[PDB]
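Asker: One structure, pasted below without further comment.
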Amino acid sequence: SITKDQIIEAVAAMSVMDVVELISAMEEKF
Amino acid sequence: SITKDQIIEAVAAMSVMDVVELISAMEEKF
Amino acid sequence: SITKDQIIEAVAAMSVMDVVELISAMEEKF
Amino acid sequence: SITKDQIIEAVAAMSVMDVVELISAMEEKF
Amino acid sequence: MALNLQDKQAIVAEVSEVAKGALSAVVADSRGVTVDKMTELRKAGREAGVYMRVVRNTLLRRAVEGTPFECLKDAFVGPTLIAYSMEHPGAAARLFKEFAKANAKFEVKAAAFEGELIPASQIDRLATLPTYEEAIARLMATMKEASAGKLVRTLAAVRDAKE
Amino acid sequence: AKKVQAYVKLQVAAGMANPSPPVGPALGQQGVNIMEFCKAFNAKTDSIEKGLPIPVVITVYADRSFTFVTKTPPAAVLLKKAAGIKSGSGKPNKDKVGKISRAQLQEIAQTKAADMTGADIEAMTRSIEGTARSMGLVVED
């Protein structure tokens, strides 16, 4: 997929969702 | 939109793409 | 030997295939 | 390109060639 | 002992260790113990071997004039006391470390590690080839590329961002 | 290891541990306890076997009992269990009494891998060789 899509989403993706998203993505690998 | 399904389905962002993304996330944040 | 920009541009193999290129670089090991 | 061969041309090779590749790998990406 | 013949023997041998040798380590020994031989040659039990020798040949005009075997810039590598370390077989890998972490246990003196051949140069202690057969270190030198370097920075914010 | 603090080795066999009559008050007088010699020893000793002499370093500073790190037995007393005669030297060089070979004493040399001076597994043989020759035993190589 285009980089700007992943960037737009992972940047916005609200907050209430986002902090429970990217954090979980830090809780999956590494 | 979706979070974990598009993270698991992404798992790609070829390091050209990936690193580029990083840099362009440095064009918005940090 | 020495196929540089190409062996590294092979990163279009994404993340999971990379997990493979790590695994096989060790496995049948500890 | 096939990942298997990409690993085959890496694993059993000689270490200087490896280091020269590592340092130049610290430059291109990241 | 013996004469100039014994000399020539000692030199042609110890500097053959510098001709066909894998690596070289120059170390000044003051307060050098027997527990030193009991260190390098104990590390020779399960790790190293008889593949290693360290003679005190800092007899200089013996061990230096005795290098038509082409060790240059070594006049400067001849000051004071030195214990020559040479490897015929095996990697040049671990030996440098053995002394590096020997002398830091106070273990005599390192001569500040004056440096020796196969760079063929002056004094600095580098990390070049302790790191081989460690290639898991390269497994982590990839840094996962697109993944772990992504979970470092691309996901940095959500934990460091709300402020 | 540094140099010296304390240590002693006096004993007969592990078959009877902490013997009163052979040593007794002489097993040690330091700050080593005669009754307390029967614990930290038999802990490992009874964990492997008995009957072989086991010397050891005795490390004592200021505190109560002592700490001893055991390594290997003597290779001279290994001629009693599997070699030959129950005794020793006897009339050592006046006649050929016992005879061992290259085959035997091999795994005997192999048993101590933390106790030798050698990087050479070929060299560390001829060390124990003499240990077989102290009583005047001829070697068939």
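Going by the structure tokens order, chains are called A, B, ..., each with residues numbered from 1, while ligands are numbered from 1 in the order shown.
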Would you kindly return, as a PyMOL selection string, each protein, DNA or RNA residue with an atom no farther than 12 Å from any atom of residue 5 of chain B, considering only C-alpha atoms and excluding same-chain residues fewer than 4 positions away?
Answerer: (chain A and resi 21+25) or (chain B and resi 1+9-11)
Asker: Could you save the residues just selected, with N, CA and C atoms, as a PDB file, in the first residue's frame?
Answerer:
```
ATOM      1  N   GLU A  21      -4.066   1.040  20.086  1.00  0.00           N
ATOM      2  CA  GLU A  21      -3.670   0.386  18.842  1.00  0.00           C
ATOM      3  C   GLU A  21      -2.161   0.210  18.752  1.00  0.00           C
ATOM      4  N   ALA A  25       0.463  -2.857  19.187  1.00  0.00           N
ATOM      5  CA  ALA A  25       1.413  -3.226  18.149  1.00  0.00           C
ATOM      6  C   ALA A  25       2.837  -3.231  18.695  1.00  0.00           C
TER       7      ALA A  25
ATOM      8  N   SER B   1     -12.436   2.786   9.621  1.00  0.00           N
ATOM      9  CA  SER B   1     -11.204   2.113   9.214  1.00  0.00           C
ATOM     10  C   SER B   1     -10.735   1.079  10.247  1.00  0.00           C
ATOM     11  N   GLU B   9      -2.137  -7.416   8.112  1.00  0.00           N
ATOM     12  CA  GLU B   9      -2.130  -7.493   6.652  1.00  0.00           C
ATOM     13  C   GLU B   9      -1.059  -6.606   6.026  1.00  0.00           C
ATOM     14  N   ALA B  10      -0.736  -5.466   6.636  1.00  0.00           N
ATOM     15  CA  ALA B  10       0.444  -4.767   6.152  1.00  0.00           C
ATOM     16  C   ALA B  10       1.675  -5.648   6.321  1.00  0.00           C
ATOM     17  N   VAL B  11       2.219  -5.696   7.545  1.00  0.00           N
ATOM     18  CA  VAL B  11       3.453  -6.452   7.864  1.00  0.00           C
ATOM     19  C   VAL B  11       4.459  -6.357   6.692  1.00  0.00           C
TER      20      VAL B  11
END
```
Asker: With chain B laid on chain A by least squares, using all C-alpha atoms in order, how large is the RMSD?
Answerer: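 Overlaying the two chains on their C-alpha atoms yields 2.4 Å.
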Asker: So which residues touch residue 19 of chain B within 9 Å, counting only C-alpha atoms, skipping near sequence neighbours fewer than 6 positions away, as a list in words?
Answerer: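 Everything that qualifies: residues 13 of chain B; 29 and 30 of chain D; 145, 146, 149 and 150 of chain E.
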Asker: Output N, CA, C and O atoms for every residue in that selection, as an mmCIF file, in the first residue's frame.
Answerer:
```cif
data_model
loop_
_atom_site.group_PDB
_atom_site.id
_atom_site.type_symbol
_atom_site.label_atom_id
_atom_site.label_comp_id
_atom_site.auth_asym_id
_atom_site.auth_seq_id
_atom_site.Cartn_x
_atom_site.Cartn_y
_atom_site.Cartn_z
ATOM 1 N N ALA B 13 5.532 -2.871 4.158
ATOM 2 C CA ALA B 13 6.214 -1.586 4.074
ATOM 3 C C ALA B 13 7.696 -1.779 3.760
ATOM 4 O O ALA B 13 8.520 -1.564 4.643
ATOM 5 N N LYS D 29 19.788 2.415 4.567
ATOM 6 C CA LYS D 29 18.512 2.591 5.259
ATOM 7 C C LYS D 29 18.731 3.099 6.686
ATOM 8 O O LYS D 29 19.870 3.328 7.097
ATOM 9 N N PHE D 30 17.639 3.278 7.430
ATOM 10 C CA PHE D 30 17.696 3.721 8.827
ATOM 11 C C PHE D 30 18.457 5.043 9.003
ATOM 12 O O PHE D 30 18.744 5.750 8.036
ATOM 13 N N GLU E 145 14.936 -4.426 10.355
ATOM 14 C CA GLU E 145 14.670 -3.411 9.338
ATOM 15 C C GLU E 145 13.261 -2.825 9.463
ATOM 16 O O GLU E 145 12.964 -2.087 10.406
ATOM 17 N N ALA E 146 12.416 -3.132 8.487
ATOM 18 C CA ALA E 146 11.047 -2.628 8.445
ATOM 19 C C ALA E 146 10.213 -2.842 9.723
ATOM 20 O O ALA E 146 9.234 -2.135 9.923
ATOM 21 N N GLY E 149 12.816 -1.395 13.830
ATOM 22 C CA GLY E 149 13.103 0.023 13.685
ATOM 23 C C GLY E 149 11.823 0.820 13.520
ATOM 24 O O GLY E 149 11.797 2.043 13.688
ATOM 25 N N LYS E 150 10.761 0.108 13.158
ATOM 26 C CA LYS E 150 9.418 0.671 13.086
ATOM 27 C C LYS E 150 8.724 0.713 14.455
ATOM 28 O O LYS E 150 7.971 1.636 14.752
#
```
Asker: Contacts between chain C and chain E, please, where a residue of chain E counts if it comes within 10 Å (with only C-alpha atoms); show its shortest atom pair and distance in Å to one decimal, rows by chain and ascending number, as a Markdown table.
Answerer:
```
| residue | atom | partner | partner_atom | distance |
| --- | --- | --- | --- | --- |
| E:135 | CA | C:26 | CA | 8.7 |
| E:136 | CA | C:26 | CA | 7.4 |
| E:138 | CA | C:22 | CA | 9.3 |
| E:139 | CA | C:22 | CA | 6.0 |
| E:140 | CA | C:22 | CA | 8.9 |
| E:142 | CA | C:22 | CA | 8.9 |
| E:144 | CA | C:18 | CA | 7.3 |
| E:145 | CA | C:15 | CA | 8.1 |
| E:146 | CA | C:15 | CA | 6.3 |
| E:147 | CA | C:15 | CA | 6.3 |
| E:148 | CA | C:15 | CA | 9.7 |
```
Asker: By how many Å are atom CA of residue 71 of chain E and atom CA of residue 119 of chain F apart?
Answerer: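 Separating atom CA of residue 71 of chain E from atom CA of residue 119 of chain F is a distance of 28.8 Å.
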Asker: Write out as number ranges by chain all residues of chain F that DSSP puts in strand (DSSP E or B) for this structure's backbone.
Answerer: F: 59, 67, 99-101, 138-140
Asker: By how many Å are atom CA of residue 80 of chain E and atom CA of residue 55 of chain E apart?
Answerer: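 Spanning atom CA of residue 80 of chain E to atom CA of residue 55 of chain E is a straight-line distance of 15.1 Å.
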Asker: Atom CA of residue 101 of chain E and atom CA of residue 39 of chain E are how many Å apart?
Answerer: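 Rounded to one decimal, the two atoms are 11.0 Å apart.
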Asker: As a list in words, please: every residue in chain B that a backbone DSSP assignment puts in alpha helix (DSSP H).
Answerer: residues 4, 5, 6, 7, 8, 9, 10, 15, 16, 17, 18, 19, 20, 21, 22, 23, 24 and 25 of chain B
Asker: Set the cut-off to 9 Å and count only C-alpha atoms: what are the residues of chain F that reach chain E? Output as an NGL selection string.
Answerer: :F and (1-2 or 113-114 or 117-120)
Asker: If we count only C-alpha atoms, what is near segment 67-71 of chain F at a cut-off of 12 Å, once residues fewer than 2 positions away on the same chain are taken out, given as number ranges by chain?
Answerer: F: 1, 5-9, 31-33, 36-37, 39-45, 53-65, 73-74, 111-116
Asker: Grab the residues selected above and save them as a short mmCIF file (atom, residue, chain, number, x, y, z; two decimals), in the first residue's frame with N, CA, C and O atoms.
Answerer:
```cif
data_model
loop_
_atom_site.label_atom_id
_atom_site.label_comp_id
_atom_site.auth_asym_id
_atom_site.auth_seq_id
_atom_site.Cartn_x
_atom_site.Cartn_y
_atom_site.Cartn_z
N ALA F 1 41.11 -16.53 42.66
CA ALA F 1 42.29 -16.95 43.40
C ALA F 1 43.21 -15.75 43.63
O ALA F 1 43.38 -14.93 42.73
N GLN F 5 44.92 -17.74 52.13
CA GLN F 5 44.17 -17.27 53.29
C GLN F 5 44.27 -18.37 54.34
O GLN F 5 44.89 -18.20 55.39
N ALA F 6 43.64 -19.50 54.04
CA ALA F 6 43.89 -20.75 54.73
C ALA F 6 43.54 -21.92 53.81
O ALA F 6 42.80 -21.74 52.85
N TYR F 7 44.12 -23.09 54.11
CA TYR F 7 43.69 -24.39 53.57
C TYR F 7 44.55 -25.51 54.14
O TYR F 7 45.68 -25.29 54.55
N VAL F 8 44.00 -26.73 54.12
CA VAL F 8 44.71 -27.94 54.55
C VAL F 8 44.14 -29.14 53.80
O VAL F 8 42.98 -29.12 53.38
N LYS F 9 44.95 -30.17 53.61
CA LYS F 9 44.43 -31.46 53.17
C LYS F 9 45.03 -32.60 53.98
O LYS F 9 46.22 -32.89 53.88
N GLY F 31 39.05 -22.80 63.42
CA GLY F 31 37.85 -22.14 62.96
C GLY F 31 37.21 -23.03 61.91
O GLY F 31 36.25 -22.64 61.23
N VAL F 32 37.76 -24.24 61.76
CA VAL F 32 37.05 -25.38 61.17
C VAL F 32 36.44 -26.23 62.28
O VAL F 32 37.11 -26.54 63.27
N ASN F 33 35.18 -26.62 62.12
CA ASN F 33 34.53 -27.44 63.15
C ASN F 33 34.52 -28.94 62.84
O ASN F 33 34.01 -29.39 61.80
N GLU F 36 31.26 -30.27 62.19
CA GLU F 36 30.69 -29.63 61.01
C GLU F 36 31.40 -30.04 59.72
O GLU F 36 31.00 -29.63 58.63
N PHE F 37 32.45 -30.86 59.83
CA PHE F 37 33.09 -31.38 58.63
C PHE F 37 32.24 -32.47 57.94
O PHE F 37 32.54 -32.87 56.81
N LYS F 39 29.00 -32.39 56.95
CA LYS F 39 27.82 -31.92 56.24
C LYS F 39 28.09 -31.55 54.78
O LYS F 39 27.70 -32.27 53.85
N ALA F 40 28.75 -30.41 54.59
CA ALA F 40 29.05 -29.88 53.26
C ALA F 40 29.94 -30.81 52.43
O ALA F 40 30.04 -30.66 51.21
N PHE F 41 30.59 -31.76 53.09
CA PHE F 41 31.37 -32.79 52.41
C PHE F 41 30.43 -33.86 51.85
O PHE F 41 30.25 -33.97 50.63
N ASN F 42 29.82 -34.62 52.76
CA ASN F 42 28.93 -35.72 52.39
C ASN F 42 27.79 -35.28 51.47
O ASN F 42 27.22 -36.10 50.75
N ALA F 43 27.47 -33.99 51.50
CA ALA F 43 26.49 -33.42 50.58
C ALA F 43 26.84 -33.78 49.14
O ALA F 43 26.02 -34.36 48.43
N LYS F 44 28.06 -33.45 48.71
CA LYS F 44 28.51 -33.84 47.37
C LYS F 44 29.09 -35.25 47.28
O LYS F 44 28.91 -35.94 46.27
N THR F 45 29.80 -35.67 48.33
CA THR F 45 30.46 -36.98 48.34
C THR F 45 29.44 -38.10 48.17
O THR F 45 29.54 -38.91 47.24
N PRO F 53 40.12 -41.09 48.19
CA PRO F 53 40.64 -39.93 48.93
C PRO F 53 40.26 -38.59 48.28
O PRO F 53 40.46 -38.43 47.08
N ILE F 54 39.72 -37.66 49.06
CA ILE F 54 39.29 -36.36 48.53
C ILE F 54 39.86 -35.18 49.33
O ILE F 54 39.24 -34.72 50.29
N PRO F 55 41.04 -34.68 48.93
CA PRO F 55 41.63 -33.46 49.50
C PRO F 55 40.86 -32.22 49.02
O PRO F 55 40.07 -32.35 48.08
N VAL F 56 41.10 -31.06 49.63
CA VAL F 56 40.32 -29.87 49.32
C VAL F 56 40.89 -28.63 50.02
O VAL F 56 41.60 -28.74 51.01
N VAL F 57 40.54 -27.46 49.50
CA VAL F 57 41.00 -26.18 50.02
C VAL F 57 40.05 -25.75 51.13
O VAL F 57 38.85 -25.88 50.98
N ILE F 58 40.58 -25.23 52.23
CA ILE F 58 39.72 -24.78 53.31
C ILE F 58 39.75 -23.25 53.43
O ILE F 58 40.70 -22.70 53.96
N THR F 59 38.68 -22.59 53.00
CA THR F 59 38.64 -21.12 53.00
C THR F 59 37.91 -20.56 54.23
O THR F 59 36.70 -20.69 54.36
N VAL F 60 38.67 -19.92 55.12
CA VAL F 60 38.12 -19.39 56.38
C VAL F 60 38.45 -17.90 56.49
O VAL F 60 39.59 -17.51 56.22
N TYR F 61 37.49 -17.05 56.87
CA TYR F 61 37.85 -15.66 57.11
C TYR F 61 37.62 -15.23 58.56
O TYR F 61 38.46 -15.48 59.43
N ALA F 62 36.47 -14.61 58.83
CA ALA F 62 36.00 -14.36 60.20
C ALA F 62 34.73 -15.10 60.64
O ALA F 62 34.37 -15.06 61.82
N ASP F 63 34.04 -15.76 59.71
CA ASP F 63 32.65 -16.15 59.96
C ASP F 63 32.43 -17.64 60.19
O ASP F 63 32.45 -18.43 59.24
N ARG F 64 32.19 -18.00 61.45
CA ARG F 64 31.71 -19.33 61.82
C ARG F 64 32.49 -20.46 61.15
O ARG F 64 33.69 -20.62 61.36
N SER F 65 31.78 -21.23 60.33
CA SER F 65 32.34 -22.38 59.64
C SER F 65 33.20 -21.98 58.45
O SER F 65 33.55 -20.82 58.28
N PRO F 73 40.54 -36.29 43.04
CA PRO F 73 41.32 -37.13 43.96
C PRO F 73 42.76 -37.31 43.48
O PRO F 73 43.09 -36.85 42.39
N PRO F 74 43.61 -37.98 44.28
CA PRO F 74 44.96 -38.32 43.81
C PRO F 74 44.93 -39.48 42.80
O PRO F 74 44.12 -40.40 42.96
N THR F 111 39.19 -38.26 33.26
CA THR F 111 38.25 -37.89 34.33
C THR F 111 38.41 -36.45 34.82
O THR F 111 37.41 -35.77 35.06
N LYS F 112 39.64 -35.98 34.96
CA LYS F 112 39.83 -34.60 35.36
C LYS F 112 40.00 -33.74 34.11
O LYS F 112 41.08 -33.73 33.50
N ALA F 113 38.95 -33.02 33.73
CA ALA F 113 39.07 -32.05 32.65
C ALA F 113 39.25 -30.62 33.15
O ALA F 113 39.67 -29.74 32.39
N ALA F 114 38.92 -30.38 34.41
CA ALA F 114 39.18 -29.08 35.02
C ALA F 114 40.48 -29.10 35.81
O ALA F 114 40.99 -28.06 36.21
N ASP F 115 41.00 -30.31 36.03
CA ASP F 115 42.26 -30.46 36.74
C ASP F 115 43.32 -31.10 35.85
O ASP F 115 43.39 -32.32 35.72
N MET F 116 44.16 -30.26 35.28
CA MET F 116 45.36 -30.67 34.58
C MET F 116 46.15 -29.39 34.42
O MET F 116 45.60 -28.31 34.59
#
```
Asker: So that I can see what lies close to residue 70 of chain E, please list as a PyMOL selection string the residues with an atom at most 9 Å from it, counting only C-alpha atoms and leaving out residues fewer than 3 positions away in the same chain.
Answerer: chain E and resi 18-19+67
Asker: Could the residues in this selection be saved with C-alpha atoms as a CSV table (one decimal), in the first residue's frame?
Answerer:
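out_36.csv written:
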```csv
chain,number,residue,atom,x,y,z
E,18,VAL,CA,54.4,-13.3,12.9
E,19,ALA,CA,54.7,-14.5,9.3
E,67,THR,CA,61.9,-9.6,11.4
```
